[PDB]
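Protein chains in written order, with PDB author numbering: chain C, 1138 to 1235; chain R, 594 to 840; chain D, 693 to 840.
Some notes on the structure that comes next.
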Amino acid sequence: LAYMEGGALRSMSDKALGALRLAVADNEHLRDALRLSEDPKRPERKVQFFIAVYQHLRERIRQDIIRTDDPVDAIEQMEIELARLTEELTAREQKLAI
Amino acid sequence: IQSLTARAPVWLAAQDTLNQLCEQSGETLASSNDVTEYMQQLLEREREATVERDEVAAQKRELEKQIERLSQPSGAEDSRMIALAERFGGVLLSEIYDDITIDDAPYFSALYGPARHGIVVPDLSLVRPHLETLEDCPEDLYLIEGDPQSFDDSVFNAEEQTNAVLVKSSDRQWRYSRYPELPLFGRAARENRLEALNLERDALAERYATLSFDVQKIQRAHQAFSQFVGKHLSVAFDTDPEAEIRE
Amino acid sequence: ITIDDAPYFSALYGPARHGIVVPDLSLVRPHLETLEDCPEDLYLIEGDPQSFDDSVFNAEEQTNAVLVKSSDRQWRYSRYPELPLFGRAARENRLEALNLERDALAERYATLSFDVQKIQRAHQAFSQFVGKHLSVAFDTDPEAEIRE
């Protein structure tokens, strides 16, 4: 990001924060962190928010299905699950037809 | 300096991406060739995983087919054999000893021999008129004479032996039947047999699921690498510009 | 045994298709009680292996089938099977059909492995080019600049 001017960075941050406001209506904690961090001069605040967000996601991993606490890691196993489950669904479909 | 600055963003994004893609692997890449060799390894791992998965699938298919073979209604199946129960009064021998004790079931099986799955019919001269119909029948079909309700034991040249029996079937012709484990007969522990088969099938399916997951993992990895070469290869392994810029 | 009646004999014999012409039952009684590895319902026949007379069957030849009084109150029906255990010949046509199919598969496999190798060769060609030239690739002819 060093190779872009501040205006672009500000635009991207605000654009992200918009969708964050739309999404965060679910959870009070992330909403509070957002409602505190959105001000400019409190970068650490946003960081905590990010931290919280990150940690919050780790609540939902269902380790049993995907066995590490890292969400971004989790994405790969989720996609692999999708692929294999499509395969298994095709199998079920053929079996049902017969 | 200006040239290197312009070049930089591409190279740094390329790094970030390779860094992630590679730590995903258990390896550090260093060369386009290195990447191709990794491709070869991935292909070998894939063509293995597929073979193991297919083997497990064959095992599961066999297990399911056999569980069916043990399923209904008494004996193996409802087919020509159960059909003879109404084509004539051909009650199934195995049903006729449905509640056989598990301990006699091996002796019963050994004695009844292949006729284990035979059918009791007070008259087999009576099956004669319909016999010409039976082209769609098990290649070799047993028929027995006696009252199925209170069928007297099929008279046999039976000689009981330790865990077996010897029977004069026809002249100059003897069959030796060893006692089978967990016999086929009836509903005594045949449901139990097929239940054990079901339990085994459960582990088979679990293993198959894991193998499929692994196969898809490998698919995804290769696809990522393929994308990562279609993009990004021009700049791969190119020097850091930042150090030169600072210098 | 004749290819043609081999199915007939097979239907006749059923499980008795397998089994051995034992010289004597007197060997069976002191021998087979010992075994456990023998096939569960081992089928035994007594007499001369060198020239064994037609085994005793109350065989009536139904259409493509046979009925034999196996024993008292015991009649067994059977149908004509192909690929008999009798009249095996050399098992030649079976192996030969498998050979035709498998050899077609093997030559196709050779073609496909070769194609893999060819695609690979093109791939190494490209990899070599990019590792060596691509940095230089494209861009102008410098002769005009040099002359200028």
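A virtual CB, placed ideally from N, CA and C, is assigned to each residue, including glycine.
Neighbour flag for residue i against chain R, beta carbons, 8 Å
i, result
"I1217(C)", "yes"
"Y1191(C)", "no"
"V822(D)", "yes"
"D746(D)", "no"
"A703(D)", "yes"
"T832(D)", "no"
"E1230(C)", "no"
"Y801(D)", "no"
"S770(D)", "yes"
"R1221(C)", "yes"
"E1213(C)", "yes"
"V720(D)", "yes"
"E1224(C)", "yes"
"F749(D)", "yes"
Interface flag, residue i vs chain C, CB-CB below 8 Å
i, result
"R662(R)", "no"
"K761(R)", "no"
"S805(R)", "yes"
"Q816(R)", "no"
"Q812(R)", "yes"
"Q608(R)", "no"
"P666(R)", "no"
Cα-Cα separation, residue i to residue j
i, j, result
"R839(R)", "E1142(C)", "19 Å"
"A798(D)", "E788(D)", "15 Å"
"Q816(R)", "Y631(R)", "13 Å"
"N1164(C)", "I1188(C)", "14 Å"
"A601(R)", "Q812(D)", "32 Å"
"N612(R)", "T598(R)", "21 Å"
"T832(D)", "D831(R)", "22 Å"
"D807(D)", "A836(D)", "44 Å"
"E1181(C)", "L1154(C)", "15 Å"
"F821(R)", "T610(R)", "8 Å"
"residue 841(R)", "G619(R)", "The first residue shown for chain R is 594 and the last is 840, placing residue 841(R) beyond what the model contains."
"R1204(C)", "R646(R)", "22 Å"
"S1148(C)", "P1177(C)", "13 Å"
"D671(R)", "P1208(C)", "53 Å"
"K653(R)", "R800(R)", "10 Å"
"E657(R)", "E793(D)", "29 Å"
"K1152(C)", "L1146(C)", "10 Å"
"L1157(C)", "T1227(C)", "37 Å"
"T694(R)", "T755(R)", "18 Å"
"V649(R)", "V603(R)", "46 Å"
Start-to-end residues for the alpha helix (DSSP H) that takes in residue i
i, result
"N785(D)", "784 to 821"
"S743(D)", "Here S743(D) belongs to no alpha helix (DSSP H), and DSSP marks it neither H nor E."
"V1190(C)", "1180 to 1195"
"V714(R)", "From DSSP, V714(R) is part of no alpha helix (DSSP H); its letter is neither H nor E."
"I1212(C)", "1208 to 1234"
"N756(R)", "Element bounds for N756(R): n/a, residue is neither H nor E."
Residue i vs residue j beta-carbon contact at 8 Å
i, j, result
"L685(R)", "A708(R)", "no"
"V714(D)", "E738(D)", "yes"
"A703(D)", "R771(D)", "yes"
"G711(D)", "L734(D)", "yes"
"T621(R)", "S819(D)", "no"
"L826(D)", "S827(R)", "yes"
"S805(R)", "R1221(C)", "yes"
"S664(R)", "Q766(D)", "no"
"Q1192(C)", "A1170(C)", "no"
"residue 589(R)", "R673(R)", "As shown, chain R starts at 594 and ends at 840. That puts residue 589(R) outside it, with no answer to give."
"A829(R)", "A606(R)", "no"
"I660(R)", "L777(R)", "no"
Residue i: first and last residue of the uninterrupted beta strand (DSSP E) it sits in
i, result
"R768(D)", "766 to 771"
"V828(R)", "That residue, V828(R), is in no beta strand (DSSP E); it is neither H nor E in DSSP."
"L734(R)", "733 to 737"
Contacting residues, own chain, Cβ-Cβ under 8 Å from residue i (five flanking each side not counted)
i, result
"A814(D)", "none"
"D1206(C)", "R1195, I1198, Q1200"
"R768(R)", "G706, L759, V760, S762"
"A1162(C)", "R1168"
"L719(R)", "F681"
"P773(R)", "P699, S702, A703"
"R780(R)", "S667, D691, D692"
"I689(R)", "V713, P741, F744"
Same chain, Cβ closer than 7 Å to residue i, five either side skipped, listed in chain order
i, result
"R680(R)", "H723"
"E1175(C)", "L1154"
Any chain D beta carbon closer than 8 Å to residue i
i, result
"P741(R)", "no"
"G706(R)", "yes"
"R640(R)", "no"
"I675(R)", "no"
Cβ shell of residue i (< 6 Å), same chain only, five flanking positions each side left out
i, result
"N750(R)", "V760, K761"
"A1211(C)", "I1198, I1203"
Closer than 8 Å to chain A by CB, residue i
i, result
"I712(D)", "Structure shown: chain A not included; protein chains present are C, R and D."
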